[PDB]
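Only one chain is shown below, in structure tokens, and it's the form deposited in one PDB entry.
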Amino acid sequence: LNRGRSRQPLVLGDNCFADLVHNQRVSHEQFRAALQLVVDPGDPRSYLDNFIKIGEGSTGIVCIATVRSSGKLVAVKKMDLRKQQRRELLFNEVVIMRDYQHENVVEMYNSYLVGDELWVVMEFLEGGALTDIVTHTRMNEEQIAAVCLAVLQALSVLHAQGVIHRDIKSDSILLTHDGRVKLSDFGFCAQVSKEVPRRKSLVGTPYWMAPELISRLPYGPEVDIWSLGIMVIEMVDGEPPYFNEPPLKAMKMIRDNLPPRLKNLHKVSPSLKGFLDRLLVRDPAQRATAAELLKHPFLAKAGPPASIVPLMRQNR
């Protein structure tokens, strides 16, 4: 893989291929039949015009499209059954977004099976991803606080039912045109419960991976919180720590070193500094819960939606 500056997730888990990294007919038909039962029946192509590809992903492509009867725009994510890194994770794309209506979760309208593709029709977030903004601009604390608040509200809800997102980074936060903020990328979730306390699968984007996850130890909803820390580093410093190193070299460093600090603490409020110390804590048991964090003084800094508007490409 290694070049560095790589944004693309990495998906394995709980086996030998996952150790290696310390330095079909029957199954398909069964899996397809199962999905078929889980999704909404029908074919969206019967009600949707104008499919144009607008985005590429680890698990598939995204197109915009037109509700024929209404003119309304929708986004459609299309995922191949044969082209998945861990086929079973596709259940997430259907189940999660459905089970979690919330002001900070992207809305899902419907899901269908089309050929050997899973298709999810979801609301179109006209604002774009956070990543764009972070890589081409400097958010002030008011705007940063507004972002974390939204993300944290969503995470509190997922973690309440022991759902781990496993892919928290700017590429996963989307925006409406009027400065509202939604979490978006539920492809790689896992769940914990009273009888499955932790998980051991190696899933995430290298630079954003919690260090206990890298150390192949059993993890929990805590990993998301470390990743959020890293996302804060993006919003401030523009890219994650060790971004320029190759993913594998970066991980090694994350496992071994002390939690990363911001480049320049001269201009950052102690309120924000203190916040981030609650996120990037190596020992998970010490690291803060989204529940707790929602009460942190820093988030009272959070500006309204209107204060996010100027950050978006249309207005730069």
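The first residue of the shown sequence is 1; numbering continues from there.
Below, we refer to the form deposited with a partner chain bound, which is not included among the displayed structures.
Peer 1: Are all three of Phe188, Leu202 and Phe243 close to its partner chain in the bound PDB entry, meaning a heavy atom of each within 4.5 Å?
Peer 2: Judged in the bound PDB entry, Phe188, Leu202 and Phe243 all sit within 4.5 Å of its partner chain.
Peer 1: Flag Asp224 as yes or no: does it have a non-hydrogen atom within 4.5 angstroms of any non-hydrogen atom of its partner chain in the bound PDB entry?
Peer 2: Judged by the heavy-atom cut-off of 4.5 Å, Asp224 is well away from its partner chain in the bound PDB entry.
Peer 1: Just checking whether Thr137 would be counted as a contact of its partner chain in the bound PDB entry - the rule being heavy atoms within 4.5 angstroms.
Peer 2: Heavy-atom contact with its partner chain at 4.5 Å: absent for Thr137.
Peer 1: Mark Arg86 yes when one of its heavy atoms lies within 4.5 Å of a heavy atom of its partner chain in the bound PDB entry, and no otherwise.
Peer 2: Within the cut-off, so yes.
Peer 1: Within 4.5 Å, heavy atoms only: does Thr66 come near its partner chain in the bound PDB entry?
Peer 2: Heavy-atom contact with its partner chain at 4.5 Å: absent for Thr66.
Peer 1: Only one of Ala290, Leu272, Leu280, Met251 comes within 4.5 Å of its partner chain in the bound PDB entry by heavy atoms, so just point that one out.
Peer 2: In short, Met251.
Peer 1: Can you work out which of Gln143, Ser111, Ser184, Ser170 has a heavy atom no more than 4.5 Å from its partner chain in the bound PDB entry?
Peer 2: When its partner chain is considered in the bound PDB entry, the option within 4.5 Å is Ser170.
Peer 1: Could you tell me which of 95-103, 116-124, 152-160, 205-213 sits within 4.5 Å of its partner chain in the bound PDB entry, going by non-hydrogen atoms?
Peer 2: Single hit among the candidates: 205-213.
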